[PDB]
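Below you'll find only one chain, the form deposited in one PDB entry, shown as structure tokens.
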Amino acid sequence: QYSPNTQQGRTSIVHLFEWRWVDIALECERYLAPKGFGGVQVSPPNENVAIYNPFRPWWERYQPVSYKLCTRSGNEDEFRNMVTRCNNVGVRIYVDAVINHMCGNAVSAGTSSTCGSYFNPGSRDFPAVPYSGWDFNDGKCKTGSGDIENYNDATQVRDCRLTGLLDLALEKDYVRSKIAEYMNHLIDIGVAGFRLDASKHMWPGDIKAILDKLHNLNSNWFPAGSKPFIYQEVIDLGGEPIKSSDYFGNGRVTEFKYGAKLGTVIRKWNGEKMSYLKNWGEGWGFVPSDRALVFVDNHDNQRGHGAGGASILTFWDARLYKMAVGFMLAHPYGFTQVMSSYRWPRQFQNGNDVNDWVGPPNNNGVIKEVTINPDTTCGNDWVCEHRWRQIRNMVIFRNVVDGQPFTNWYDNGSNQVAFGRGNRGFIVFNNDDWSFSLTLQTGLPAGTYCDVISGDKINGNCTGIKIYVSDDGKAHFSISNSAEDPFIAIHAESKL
């Protein structure tokens, strides 16, 4: 469960946020597989509530109505077709599992579902599963509002409604069975793992009970005895009753301190400088590397809905974003997840986006298909950060240096640092307010290397910058503080 279950070599997964099943299937064959991506995290594939006020927000997908594979991304057949085509190409699929709750208790009863299933939140009656009033913690919670009021109370945080979402009683074998039945369906279809949404709101023991009823990965693509990869969404920063270590027994956990910290350092906020990254990792209070799932930003905190706050770097800050992601992909700590999102009309009104709810590109509710431009970029407002040369080439970098030790670190004491990975890769950063010109020991074999940030290597020709490594692994690097991308990266596979 700690093993991603990706093909040998592939070291990253990408979140194709709100993408359609059919677009993902194509992307797997036309780009993800060839560019070395390890897998894809998909948006919840089960039926959810169709919220029309605001108009189809992205967060409506976190309010389940049933476990039918019927959403705006596609139906069961399209979902199945996607898993098969991606697996057949070596790209794994990880599902965002919303098993801690159902829909809002204040939501109106009826058939406003992505699949037309009937539901009645008022009477806790979800016939498509089926679930009834006896399957919720309505009588287990103590709070006056029935919702979580005090996060210093681990109990109410687990038994009370998270912002009004109907809280399922995961202690009952019936509920655990219904959920496991849904998860086994996905496993048998071919998924390699799951993201356990809102894990902090579930008892570590209830989760384990559910994982105990899960089948092994499909023997057609995975070796016998393979267990699904498990990463739990636990927002744990500092001094909270619930520690992420409490979930180490079920699988990996999302390390939200990673992106929050990296964001302030790159932004150079409150005295932080890149030279401090010398001991990045557990040395900064992070969970053990072998239990961490890291990222710069996620669908939640990229729009202010998650931990990290204002220090979080997103595609909106392209220049600084690329460096942060470049640094994360080059550093050996944890398992990396790349973000892929869409553009929305950010309407900041007194320091808060009033349009952070806006859903994916759409035509009257119907999600717009992902178009590819001649320059390999996406249209229809899909950002496709994963298609950015600087990001995609760093994804490949991590694969190439997989297993190599962190070495040859250098820093000017401010914001000019560099380090290598064994003898397979080397990266240089310039985040200071002045040019960088110095000869450094890369620890790489002599030869001409293409800088994979400014360009690419194609049939023995570099389309960008070229670095020359001496017989003693030394090479000269020049980075202006005015450069489009103030960092250079070279590896064994970019050598001419």
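In this text, residue numbers run from 1 along the sequence as written.
This protein has a second form, the form solved in complex with a partner chain, left out of what is shown; the following refers to that one.
Across the options 233-241, 289-297, 171-179, 259-267, residues that bring heavy atoms within 4.5 Å of its partner chain in the entry with it bound belong to 233-241.
Shown alone here, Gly164 lies within 4.5 Å of its partner chain in the entry with it bound, counting heavy atoms only.
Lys273 falls outside the set of residues with a heavy atom inside 4.5 Å of its partner chain in the entry with it bound. Using a 4.5 Å cutoff between non-hydrogen atoms, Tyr31 does not count as a contact of its partner chain in the entry with it bound.
Although the partner is absent here, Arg72 is not a contact residue: none of its heavy atoms lies within 4.5 angstroms of its partner chain in the entry with it bound.
Checking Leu214, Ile372, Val89, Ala198 against its partner chain in the entry with it bound, a heavy atom within 4.5 Å turns up for just one residue: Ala198. The contact residue chosen from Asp356, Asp317, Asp138, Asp246 relative to its partner chain in the entry with it bound is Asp356, the criterion being a non-hydrogen atom within 4.5 angstroms.
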